[PDB]
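Working notes, beginning with the structure itself.
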Number of protein chains: 4
Amino acid sequence: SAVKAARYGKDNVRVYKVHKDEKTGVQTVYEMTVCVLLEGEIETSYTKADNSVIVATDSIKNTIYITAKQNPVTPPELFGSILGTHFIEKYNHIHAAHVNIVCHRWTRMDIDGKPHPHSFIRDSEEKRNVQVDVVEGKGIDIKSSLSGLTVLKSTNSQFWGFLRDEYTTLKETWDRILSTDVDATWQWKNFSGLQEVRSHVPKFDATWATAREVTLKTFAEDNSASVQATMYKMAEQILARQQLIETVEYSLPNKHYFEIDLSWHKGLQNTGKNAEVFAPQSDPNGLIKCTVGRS
Amino acid sequence: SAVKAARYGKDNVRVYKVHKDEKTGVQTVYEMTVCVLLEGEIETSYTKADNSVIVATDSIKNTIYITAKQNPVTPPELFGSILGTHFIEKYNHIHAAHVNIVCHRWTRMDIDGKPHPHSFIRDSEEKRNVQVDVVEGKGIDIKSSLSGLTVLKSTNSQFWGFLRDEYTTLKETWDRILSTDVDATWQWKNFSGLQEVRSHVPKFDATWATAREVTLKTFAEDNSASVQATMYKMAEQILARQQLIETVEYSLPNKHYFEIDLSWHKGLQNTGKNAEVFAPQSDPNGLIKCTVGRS
Amino acid sequence: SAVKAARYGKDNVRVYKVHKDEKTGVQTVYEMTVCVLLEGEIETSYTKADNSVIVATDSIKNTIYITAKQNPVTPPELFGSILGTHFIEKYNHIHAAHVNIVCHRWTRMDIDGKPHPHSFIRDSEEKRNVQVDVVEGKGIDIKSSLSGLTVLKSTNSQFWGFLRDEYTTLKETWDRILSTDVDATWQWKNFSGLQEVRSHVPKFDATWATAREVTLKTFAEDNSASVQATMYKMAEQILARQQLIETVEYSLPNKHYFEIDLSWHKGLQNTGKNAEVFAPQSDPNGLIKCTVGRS
Amino acid sequence: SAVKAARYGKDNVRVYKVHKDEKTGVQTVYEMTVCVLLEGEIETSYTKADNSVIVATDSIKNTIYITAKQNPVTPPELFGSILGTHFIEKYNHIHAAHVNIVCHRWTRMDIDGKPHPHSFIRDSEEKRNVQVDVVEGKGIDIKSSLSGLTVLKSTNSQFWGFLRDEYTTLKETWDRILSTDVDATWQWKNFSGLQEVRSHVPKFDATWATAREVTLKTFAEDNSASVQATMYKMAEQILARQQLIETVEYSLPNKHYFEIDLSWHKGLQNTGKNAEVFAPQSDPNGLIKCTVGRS
Ligand SMILES: O=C1N=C2NC(=O)NC(=O)[C@]2(OO)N1
Ligand SMILES: O=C1N=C2NC(=O)NC(=O)[C@]2(OO)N1
Ligand SMILES: O=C1N=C2NC(=O)NC(=O)[C@]2(OO)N1
Ligand SMILES: O=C1N=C2NC(=O)NC(=O)[C@]2(OO)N1
């Protein structure tokens with residue numbers, strides 16, 4: 001037998017960083033969870049008890065903190081690229097570094113209508129993420145995403161005209177609730193190295209902002225024919241607004257809210273045009289995916 | 001043997017309600033999770049297989065949905081009072097109804113700077129809750145709360161002057177991070193019944209808003225001597241602003257962020273005045289509680 | 001305003017301990033999560049920024065580890081009593097210690113039919129817990145429990161004869177699934193101090209074993225009229241088998257498994273006597289509670 | 001723009017099935033969570049609001065329950081193959097079905113030393129899973145796994161000889177705790193269709209049992225040089241025992257248990273040979289992966 005694939009490293013590394021402007025007093029905080037997994041000429045650690053090839057995961061952890069001390073942690077695309085590049089440059093025998101970063105929200109508080117210099121609120125469990133794959137000889141591949149953006153619209157969602165056969169019980173509808181948790185990923189053009197990533201730094205925050213804005217506005221404004229049709233519109237708009245993106249992927253649960261027929265109780269009318277009280281369904285859920293690229 | 005205490009009912013009942021203004025087109029959504037547990041002359045269901053005394057939990061579920069259809073679901077203090085009152089009035093042998101409501105956030109989206117008529121975002125996992133105990137002959141006891149309000153300040157927190165003995169390793173500090181998940185509860189004067197609750201309806205939303213505002217502003221502005229000292233200030237302010245409250249309770253974790261000494265690596269300075277990168281600690285955590293009333 | 005109640009301390013303290021028999025080579029492991037909250041003459045920490053009265057939560061953490069090093073950690077009733085007693089004896093101004101322990105399962109592996117001397121499996125997420133309240137002048141109050149014991153029986157559960165009115169849709173049944181997560185608590189006679197707790201040490205493991213055995217056998221063998229009727233039988237049996245218990249409490253969710261009518265599809269029969277495929281319901285759930293004592 | 005990838009279906013479908021032997025009275029229960037996602041000529045649902053190509057996710061749910069009624073649900077490899085095959089055969093335009101099944105444990109209770117005919121315990125949160133990809137023209141690709149198997153050994157784990165440089169603080173050790181949550185996957189030879197899957201049915205349960213047995217025995221008995229070295233031994237043994245497997249993958253967290261130096265307190269010795277009390281670390285964690293195949 002032989003090792004066909006291997007990677008290893010440190011997961012779930014929580015990291016906070018503060019920036020303090022001593023002139024203005026304004027402080028800014030960043031909090032992440034980081035995973036770094038390495039690949040390379042490490043097979044003998046598995047096959048021969050050869051630990052000499054292992055950069056200890058504890059050392060990978062130390063390196064994450066050191067790198068955060070010595071570099072900006074924002075945008076996460078940049079920090080992940082710096083971190084991944086470090087491992088392939090420092091260790092001859094390491095040939096790929098796979099860096100995942102989850103960024104947690106710390107939004108500055110407004111107190112009495114004024115932004116506070118050092119107090120923050122977790123205003124959403126929504127995350128901003130990156131997956132940065134630094135592969136020796138093959139540059140830097142970056143996937144950026146937003147996830148855990150939970151939304152609901154109470155009308156202007158429809159679902160009719162779907163296939164009907166002997167397995168079908170679902171009624172067509174022209175007016176339903178639509179709710180989802182948005183997971184949206186944009187995949188960047190391959191970058192040749194850290195210089196090229198740095199050269200595009202402003203585009204990372206700008207493209208995240210675009211993706212979020214497009215997601216919310218399209219969700220709110222599209223009189224939706226289906227989750228499929230709405231998510232495609234989001235993706236095509238994001239592609240149109242950043243040429244350095246190659247694809248946009250959405251993964252959307254359809255978090256169902258069922259009508260409750262109450263007509264058995266005193267003829268109460270709570271369906272169709274009279275539907276006011278609904279039963280949110282925890283499970284099961286539709287799950288709708290697509291990846292959109294350019295033609 | 002004998003039944004010393006008993007209660008039973010339906011937990012984890014998810015409820016959505018929509019209000020539609022047909023004139024303006026503006027829709028407003030509410031989402032809750034409800035628990036109703038009943039007490040009364042039910043001991044024989046336990047001791048003698050006497051199901052005649054059991055209002056089925058399935059029926060309690062139905063009743064929650066019917067009550068939501070026929071009544072406002074806001075403020076939750078009112079809805080819980082209506083719901084609890086129903087059970088003690090409808091069923092002679094039921095003498096208490098214990099209603100817990102967790103309200104989930106659905107905040108109206110702003111799209112292109114304008115509030116959208118039917119689209120919403122879960123802008124925080126923060127909850128607004130009530131515990132409404134309707135006890136026959138003993139009125140309606142209401143505890144209101146906010147929970148899951150997660151905050152951090154990056155300075156203007158201190159902790160020195162604490163007891164030091166042979167069990168103590170903690171260094172005094174004059175400048176640390178403070179982060180918590182706020183759970184704040186205000187306990188209302190007993191209400192005689194549903195008329196008295198209704199007579200105070202505006203005070204419920206107003207007092208929740210006050211509690212939240214005071215919590216945030218005191219957290220942001222207090223140069224904190226301890227979690228104890230800061231939370232007491234919050235409680236005393238809330239009591240001063242609503243005379244129909246009897247007590248305010250806080251339960252606050254101290255979610256520790258540890259400095260990381262990096263001086264072993266190239267003399268890097270990351271402690272004290274040079275501390276920028278910290279290790280958030282998932283566990284353990286301080287847990288600080290108090291209940292404040294009037295003297 | 002004034003402090004009506006206060007307690008504080010360290011929560012979520014994970015603790016492992018190993019015992020090594022050097023003669024036999026057999027090792028035995030224990031893993032817990034511990035919370036210790038203190039009460040006493042601490043109000044000035046809240047009202048006056050007086051930290052002198054605070055035994056730091058960090059010190060409470062240290063004390064938990066030191067106490068585990070210097071004492072047995074089993075049975076948890078004993079360890080919690082030692083730990084709580086320490087705080088009220090060491091600190092004049094501390095008058096109560098509230099110790100919660102969750103014990104995690106590490107069951108010794110059997111390999112090739114033989115117990116392994118140092119390898120263990122988390123064979124269930126079931127917990128064994130204690131709540132030990134050491135109150136100066138008022139002895140030691142202990143509540144022991146098992147929780148997270150998840151069970152299902154596929155028949156020999158019934159539910160008929162319940163109240164039927166205009167809120168009722170539930171069909172009577174003479175054959176249904178019953179599934180629950182058992183939370184069972186036994187409350188000990190007050191103990192005067194640590195000598196009296198020690199004098200009863202064997203009874204702690206024995207009573208936990210009895211409670212678990214009775215729970216499982218009664219669940220399996222009772223042709224159940226209701227959750228109420230079955231849980232009462234469990235409680236009365238446990239009381240009969242340990243006179244140093246005063247009460248037994250159960251809290252049981254009714255984790256519903258719904259029939260699925262498939263007769264719309266090719267006349268498939270999947271209800272009543274033909275019911276084979278069911279839809280487990282995540283929510284809502286019945287929740288049934290009682291506390292049984294002696295007459 | 002154009003659809004580069006798309007799949008959709010129903011996730012989180014909870015399914016229970018009972019088998020009743022009317023002769024013996026013995027009942028046997030199965031509980032799963034199922035996801036089915038479809039691919040095919042569905043792009044127009046995204047690009048043109050063409051719902052005619054969508055088999056509704058609600059219908060996919062119905063189909064899961066119908067298929068469970070009409071077929072065995074065990075082994076899960078077979079059930080998933082039947083279910084996936086159904087969609088590609090029934091719907092001309094559907095060309096792949098991706099079926100994920102998580103099997104939940106319901107282990108028969110032993111009461112008074114005898115197996116009970118209809119009562120079960122969730123004896124572990126360990127899962128048995130399958131991923132069955134039925135792709136038209138490309139047969140049936142099955143990945144089987146066990147996951148959530150949580151283990152600890154208290155000695156006979158070592159970690160020394162790893163790379164040491166300016167990023168390294170970790171001390172070498174010749175005696176440490178090793179704990180992990182095992183996720184082990186075996187990938188089957190491609191099967192041509194449902195006849196070939198059926199022809200190998202006994203091998204599914206047998207290979208799962210082998211994988212579990214090998215995992216536990218190797219973990220317990222290997223005086224481990226590293227997680228890497230131990231997991232490789234597991235994989236090579238499983239490959240040697242089933243020739244219809246092509247690869248075995250492990251993904252193992254290193255769930256760290258740190259020594260606690262207590263020498264600052266009364267010279268207490270709790271490190272090295274005297275280490276008895278440890279601090280389990282919730283995060284971060286090493287994460288070690290490999291895929292082993294034949295040479
Ligand atoms: O039953 C369904 N209802 C749905 N709604 C939808 O927008 N698209 C689907 O394909 C669907 O996803 O959940 N299937
Ligand atoms: O070690 C401690 N550090 C703390 N900080 C604090 O504000 N109060 C405490 O009592 C303390 O709670 O966590 N104990
Ligand atoms: O609808 C109900 N079905 C139940 N079954 C039961 O055993 N007791 C109840 O009181 C009940 O609890 O869930 N209510
Ligand atoms: O610090 C480390 N300690 C480890 N132990 C191990 O078995 N292998 C590693 O590669 C290691 O994984 O966690 N890195």
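Here is how names work: the chains are called A, B, and so on, in the same order as the sequence lines, proteins then strands, and each is numbered from 1. Just so you know, ligand 1 is whichever comes first in the structure, and atom 1 is the first atom listed for that ligand. Any value given below was found using the heavy atoms of this structure, including those in side chains, with hydrogens, waters and symmetry copies removed.
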Query raised in the report: Does ligand 4 have an atom under 4.0 Å from some heavy atom of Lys61(A)?
Result: no

Query raised in the report: What part of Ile288(B), side chain, backbone, both or neither, has a heavy atom within less than 4.0 angstrom of ligand 2?
Result: side chain

Query raised in the report: Which bit of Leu170(C) gets closer than 4.0 Å to ligand 3, counting heavy atoms only: side chain, backbone, both or neither?
Result: side chain

Query raised in the report: Short N/O distance, under 3.5 Å, between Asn254(D) and ligand 4?
Result: yes

**Report entry** Salt bridge present between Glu166(D) and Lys90(A) (N-O < 4.0 angstrom)
**Finding:** yes

Query raised in the report: What atoms in ligand 3 come closer than 4.0 Å to a heavy atom of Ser226(C)?
Result: 7 (O)

Requested in this report: Check for a donor-acceptor pair, side chain of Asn51(B) on one end and backbone N or O of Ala225(C) on the other, with a separation under 3.5 Å.
Outcome: yes

Report task. Do me a favour and list the nearest non-hydrogen protein atom to atom 9 (C) of ligand 4 with residue, atom name and distance? Result -> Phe159(D) CZ, 3.5 Å

Report task. For atom 13 (O) of ligand 2, find the nearest protein heavy atom and state the residue, atom name and distance (0.1 Å precision). Result -> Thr57(C) OG1, 2.7 Å

Query raised in the report: Any N/O of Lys10(A) closer than 3.5 Å to an N/O of ligand 4?
Result: no

Query raised in the report: If you measure from each non-hydrogen atom of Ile54(C) to ligand 2, which part falls under 4.0 Å: side chain, backbone, both or neither?
Result: side chain

Report task. Going by heavy-atom distance to atom 5 (N) of ligand 2, choose the closest among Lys255(B), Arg176(B), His256(B), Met231(B). Result -> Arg176(B)

Query raised in the report: Does an N or O from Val227(D), backbone or side chain, lie closer than 3.5 Å to an N or O of ligand 4?
Result: yes

Query raised in the report: Nearest protein heavy atom to atom 1 (O) of ligand 4, by residue and atom, and its distance?
Result: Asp58(A) N, 2.9 Å

Query raised in the report: Got an N/O contact under 3.5 Å between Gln228(D) and ligand 4?
Result: yes

Query raised in the report: Taking only residues two or more places apart in sequence or in another chain, which ones pass side chain to side chain donor-acceptor pair (under 3.5 Å) with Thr47(B)?
Result: none

Requested in this report: Determine whether the side chain, the backbone, both or neither of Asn285(C) has a heavy atom under 4.0 Å from any heavy atom of ligand 3.
Outcome: neither

**Report entry** From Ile94(B) atom CD1 to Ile42(B) atom CD1, the distance as rounded to the nearest 0.5 Å
**Finding:** 6.0 Å

Query raised in the report: Does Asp222(D) offer a backbone N or O that forms a donor-acceptor pair with the side chain of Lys153(D) under 3.5 Å?
Result: yes

